[PDB]
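File shown: structure25.cif (mmCIF, C-alpha atoms).
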data_coords
loop_
_atom_site.label_atom_id
_atom_site.label_comp_id
_atom_site.auth_asym_id
_atom_site.auth_seq_id
_atom_site.Cartn_x
_atom_site.Cartn_y
_atom_site.Cartn_z
CA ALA T 1 0.00 0.00 0.00
CA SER T 2 0.88 3.69 -0.13
CA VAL T 3 2.05 5.58 2.94
CA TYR T 4 -0.98 7.87 3.29
CA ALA T 5 -3.19 4.73 3.27
CA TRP T 6 -0.90 2.24 5.02
CA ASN T 7 -2.40 -1.22 5.45
CA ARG T 8 -2.92 -2.28 9.07
CA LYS T 9 -2.98 -6.03 9.72
CA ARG T 10 -4.01 -7.28 13.16
CA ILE T 11 -1.89 -10.20 14.36
CA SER T 12 -3.75 -12.05 17.13
CA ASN T 13 -4.77 -15.53 18.35
CA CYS T 14 -1.62 -17.16 16.96
CA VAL T 15 1.97 -18.01 17.85
CA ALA T 16 4.56 -15.77 16.20
CA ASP T 17 8.03 -16.95 15.14
CA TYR T 18 10.11 -13.78 15.22
CA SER T 19 13.37 -15.72 14.85
CA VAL T 20 12.71 -16.36 11.15
CA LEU T 21 11.92 -12.66 10.66
CA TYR T 22 15.01 -11.55 12.60
CA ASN T 23 17.43 -14.00 10.95
CA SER T 24 16.43 -12.91 7.43
CA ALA T 25 19.27 -11.00 5.76
CA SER T 26 17.07 -9.27 3.17
CA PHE T 27 16.03 -6.57 5.67
CA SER T 28 18.22 -3.46 5.48
CA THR T 29 16.80 -1.95 8.69
CA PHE T 30 15.71 -3.74 11.89
CA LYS T 31 15.37 -1.15 14.67
CA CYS T 32 13.28 -1.64 17.81
CA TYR T 33 12.31 1.20 20.13
CA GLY T 34 10.45 -0.42 23.04
CA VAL T 35 11.58 -4.06 23.18
CA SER T 36 14.61 -6.22 22.44
CA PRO T 37 15.00 -8.23 19.21
CA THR T 38 16.38 -11.30 21.01
CA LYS T 39 13.51 -11.29 23.55
CA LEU T 40 10.65 -11.20 21.02
CA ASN T 41 10.49 -15.02 21.10
CA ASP T 42 10.23 -14.98 24.92
CA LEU T 43 7.74 -12.17 25.61
CA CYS T 44 3.97 -12.32 25.11
CA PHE T 45 1.67 -9.56 23.84
CA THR T 46 -2.08 -9.14 23.46
CA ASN T 47 -2.03 -8.21 19.76
CA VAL T 48 0.30 -6.87 17.07
CA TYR T 49 -0.52 -4.11 14.57
CA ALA T 50 1.46 -4.48 11.33
CA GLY Z 1 28.41 17.45 21.29
CA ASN Z 2 30.57 15.88 23.99
CA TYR Z 3 31.12 12.32 22.76
CA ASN Z 4 33.92 11.37 25.17
CA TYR Z 5 31.62 9.44 27.54
CA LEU Z 6 30.66 5.97 26.32
CA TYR Z 7 28.36 3.19 27.53
CA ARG Z 8 28.14 -0.49 26.61
CA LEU Z 9 25.11 -0.76 24.34
CA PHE Z 10 25.68 -4.44 23.52
CA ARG Z 11 26.84 -7.38 25.63
CA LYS Z 12 26.18 -11.11 25.75
CA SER Z 13 25.52 -11.36 29.50
CA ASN Z 14 24.91 -9.24 32.58
CA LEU Z 15 27.89 -8.25 34.69
CA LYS Z 16 28.88 -9.39 38.14
CA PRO Z 17 28.79 -6.76 40.90
CA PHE Z 18 31.96 -4.63 40.75
CA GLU Z 19 32.86 -6.08 37.35
CA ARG Z 20 34.48 -3.89 34.68
CA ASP Z 21 34.43 -4.71 30.96
CA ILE Z 22 36.85 -2.70 28.81
CA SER Z 23 37.22 -5.31 26.06
CA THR Z 24 36.60 -3.75 22.63
CA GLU Z 25 35.57 -6.96 20.89
CA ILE Z 26 32.77 -6.99 18.32
CA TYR Z 27 29.28 -8.23 19.17
CA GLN Z 28 27.23 -10.71 17.14
CA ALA Z 29 23.68 -9.36 17.12
CA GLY Z 30 22.34 -11.81 14.53
CA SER Z 31 22.62 -15.41 13.36
CA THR Z 32 25.52 -14.60 11.03
CA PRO Z 33 28.95 -14.70 12.71
CA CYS Z 34 30.90 -11.46 12.51
CA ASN Z 35 34.53 -12.73 12.69
CA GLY Z 36 35.72 -9.43 14.15
CA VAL Z 37 34.28 -7.47 11.21
CA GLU Z 38 31.39 -5.00 11.26
CA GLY Z 39 28.47 -5.65 8.94
CA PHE Z 40 24.86 -6.75 9.00
CA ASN Z 41 23.90 -7.20 12.69
CA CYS Z 42 27.54 -6.64 13.70
CA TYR Z 43 27.86 -3.60 15.95
CA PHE Z 44 30.51 -2.04 18.16
CA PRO Z 45 29.51 -2.51 21.82
CA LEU Z 46 30.62 0.97 22.94
CA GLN Z 47 28.47 3.93 21.89
CA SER Z 48 28.87 7.51 23.05
CA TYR Z 49 26.42 9.80 24.78
CA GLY Z 50 25.44 12.81 22.69
#
Taking this structure as input, can you express it in the form of structure tokens?
Amino acid sequence: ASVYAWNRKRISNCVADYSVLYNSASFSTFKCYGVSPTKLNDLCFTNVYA
Amino acid sequence: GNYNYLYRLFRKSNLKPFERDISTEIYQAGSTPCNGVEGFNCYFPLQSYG
């Protein structure tokens, strides 16, 4: 989508494998501002907005 | 900008009490090994306060 109409996907009621997302080398920027990248597979959240 | 004061942004484990780490070895922040060379998910542990 465009940036003025960014698509929001609600991630809920599922188990999320962030290790596959973090170990991918295609991403040129992986910057977190409230959590740690190595603790995403350990913590639990109510829902994720993508 | 006074950049002479630095803190350890990245480390593998928490320190002991009264433990000092001055080792300027590279950190592996991803699955790919760094081999002492900066790159993708390879960051210097010591970053300066701005």
Checklist entry - Using the chain letters and numbers from the file, which residues does the PyMOL selection byres ((chain Z and resi 7) around 10) grab, as an NGL selection string? => result :Z and (5-6 or 8-10 or 45-49)
Next on the checklist: Give me, as an MDAnalysis selection string, the residues of chain T touching chain Z, with the criterion being at most 8 Å (counting all atoms listed in the file).
Outcome noted: chainID T and resid 22:23 25
Item to check | Point-to-point distance from atom CA of residue Z:23 to atom CA of residue Z:3, Å rounded to tenths | outcome: 18.9 Å
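The coordinates place atom CA of residue Z:43 at 21.4 Å from atom CA of residue T:41.
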Next on the checklist: What does the structure give for the distance between atom CA of residue T:2 and atom CA of residue T:24, in Å to one decimal?
Outcome noted: 24.0 Å
Checklist entry - Counting only C-alpha atoms, what is within 6 Å of stretch 24-27 of chain Z, bar same-chain residues fewer than 6 positions away, as a list in words? => result residues 36, 42, 43 and 44 of chain Z
Item to check | Contacts of residue T:17 at 9 Å (all atoms listed in the file; same-chain gap of 2+ positions) as a list in words | outcome: residues 15, 19, 20, 21, 40 and 41 of chain T
Mind writing the picked residues with C-alpha atoms as a PDB file, keeping the file's coordinate frame?
ATOM      1  CA  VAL T  15       1.970 -18.010  17.850  1.00  0.00           C
ATOM      2  CA  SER T  19      13.370 -15.720  14.850  1.00  0.00           C
ATOM      3  CA  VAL T  20      12.710 -16.360  11.150  1.00  0.00           C
ATOM      4  CA  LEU T  21      11.920 -12.660  10.660  1.00  0.00           C
ATOM      5  CA  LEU T  40      10.650 -11.200  21.020  1.00  0.00           C
ATOM      6  CA  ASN T  41      10.490 -15.020  21.100  1.00  0.00           C
TER       7      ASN T  41
END
